[PDB]
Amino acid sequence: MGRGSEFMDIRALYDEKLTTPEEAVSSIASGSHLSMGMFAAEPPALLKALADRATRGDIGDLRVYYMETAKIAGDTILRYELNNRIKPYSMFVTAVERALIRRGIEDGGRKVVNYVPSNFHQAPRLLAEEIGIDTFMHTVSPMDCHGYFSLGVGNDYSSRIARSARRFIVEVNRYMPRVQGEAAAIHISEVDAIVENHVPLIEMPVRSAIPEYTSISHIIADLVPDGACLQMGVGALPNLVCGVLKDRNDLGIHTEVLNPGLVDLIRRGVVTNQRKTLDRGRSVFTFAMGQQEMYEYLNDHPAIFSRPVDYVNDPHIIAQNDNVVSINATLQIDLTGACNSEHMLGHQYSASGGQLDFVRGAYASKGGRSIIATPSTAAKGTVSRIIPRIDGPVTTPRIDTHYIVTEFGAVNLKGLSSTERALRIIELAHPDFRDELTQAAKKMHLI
């Protein structure tokens, strides 16, 4: 008691704010803007109750602005049949949005995903200022004895929008790890409502590796210098690269997404972060995806530190650490060195540039390298992933590409002419396609 008593009585605050999912979402207004955490921080009990509210016809024209979708939202508020009531304003297209978009196309070209072109690293400002969010919902770790929850596997734009939204509703889950980070700790006085739902976090499914990943993982590993400061994506290929780096020492992490491969390097003592200029001694990420083993390991880990995406994905921030290595996958590379990492839904849905922040930052890092990698073929070797020209907006502009890698080798494109690029890229294609690519290159007057 005494001054600040409102702040201090946390058990009383908790009891005032604790409620059911149904009541927590009952006050969200038709016509308003809502956002939520990324991937595993999408709150399932709240989203189910919100979807049920829409099914009953008790809310309409609700815009949901979000990124990095999980099945959690995918099977509740974003279900196709609710699309006239809960309007997806996706700032990032994933498999969930592609399934919606395809369904809309079949239904006479119905527009069902309202795509919001945006720079990933600008998402917090975009959401808080340009767009405006009225309600924010996020899964959190349990309240500690000082009255704080943690955003856990999230930081991204969530740490800002949790404060800028008029109403912040949390879903307490003991399976959510308690994570240290910039603005990752949320005091109970900053929360408007609480529901409790203790269930395992959603997992990124573990994908079977393809044979090509073995050579690629070794080519990539040989380009990782001593003291490297790593960023990588998710999937079997990144995990394999981390596997080859198991014998290294004094590596750092400053990554968009924290994944199981990177966390394994932390566990093994490979990653020390002692050579980083920023956040020395700590692994930095803006959100985390993985499986239960990883999520449990993150709990109360003192050498892991989440940061908001406008810091993590700022190329100027990224480049202040020496020997940055950025490792990104792509789906296609063309003979000019442009890369395309998105599945084809036509031209209407362009890249977020989240990977491109690290292509840029890595090249600017002193001793840094950006690596973009792909198997040279798909579909049982019948389709080339090296193609003459990418049609539609590319993910990595050819002026930005640094290193590219296939199972046949690596090449640094910086400073090479179109002709020099085409000749070198053709040699990274599978031999079955080199003749066809050479002819196309000639017809295009690239060579």
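Start at 1 and count along the sequence shown; that's the residue number.
Annotation for 198-206 versus 362-370: the higher mean temperature factor (C-alpha) is found in 198-206.
Looking at 130-138 and 220-228 together, the entry lists the larger mean B-factor for 220-228, computed on C-alpha atoms. If you compare the C-alpha temperature factors of 320, 348, 326, 332 in the entry, 348 comes out highest. Note on 214, 155, 299, 313: the highest value goes to 214, judged by CA B factor as recorded. Annotation for residue 256: C-alpha temperature factor in the lowest third relative to the rest of the modelled chain, per the entry. Annotation for residue 27: CA B-factor lies in the highest third of the chain's modelled residues. Looking at the C-alpha B-factors along this chain, the one for residue 37 belongs to the lowest third. In the PDB entry, a CA B factor belonging to the highest third of its chain's modelled residues is recorded for residue 391. Ranked within its chain, residue 380 lands in the highest third, by CA B factor from the PDB record.
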